[PDB]
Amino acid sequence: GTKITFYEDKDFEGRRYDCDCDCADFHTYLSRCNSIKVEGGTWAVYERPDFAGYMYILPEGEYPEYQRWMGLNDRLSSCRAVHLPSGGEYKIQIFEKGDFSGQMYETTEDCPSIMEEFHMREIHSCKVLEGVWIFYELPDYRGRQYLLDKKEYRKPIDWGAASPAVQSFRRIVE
């Protein structure tokens, strides 16, 4: 199936820990993480146990330093595999105001700049009609990441955000 390997040092050195299912805490086994190998699927990794703190999405690949997953540092301690619905597609509605109000935009495409495409820098509510998406605080898929996995989000706290700042978003594809 899918599998992720965490290493305490850069370049896949040092003690390691392997997962193939969700893990709410691996701090018992690894006190830091400086490189990751992801196989067979896409994973969400979290700064703190029980899927809290900053989140980073990692598709299949080798990550020999934390910068390669846009990490802030080497502090990671939980992870969840991102399950994509079989043969599914992607559609999202974004709203200018809370509770699905104000100006709406509906799209099936990745958006590297919400300002250039939709002339907004904030999203106050959202419906994911199909698929799984990532919201980013900054343009070009940078900053805080938030995982939006298919259905309704009345307020930014519902996707884990303390503010409505979103400036790019994209689909998690196979």
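Note that residue numbering follows the sequence shown and begins at 1.
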{"item": "Stretch exceeding the other in mean C-alpha B-factor - 1-9, 163-171", "value": "1-9"}
{"item": "Greater mean Cα temperature factor according to the PDB record, 135-143 or 106-114", "value": "135-143"}
{"item": "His83, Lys91, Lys97, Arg75, ranked by C-alpha B-factor: the highest one", "value": "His83"}
{"item": "Of the residues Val38, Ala52, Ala44, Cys126, the one carrying the largest Cα B-factor as recorded", "value": "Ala52"}
{"item": "Among modelled residues of the same chain, the CA temperature factor third for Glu60", "value": "middle"}
{"item": "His119 CA temperature factor, ranked by third within the chain", "value": "middle"}
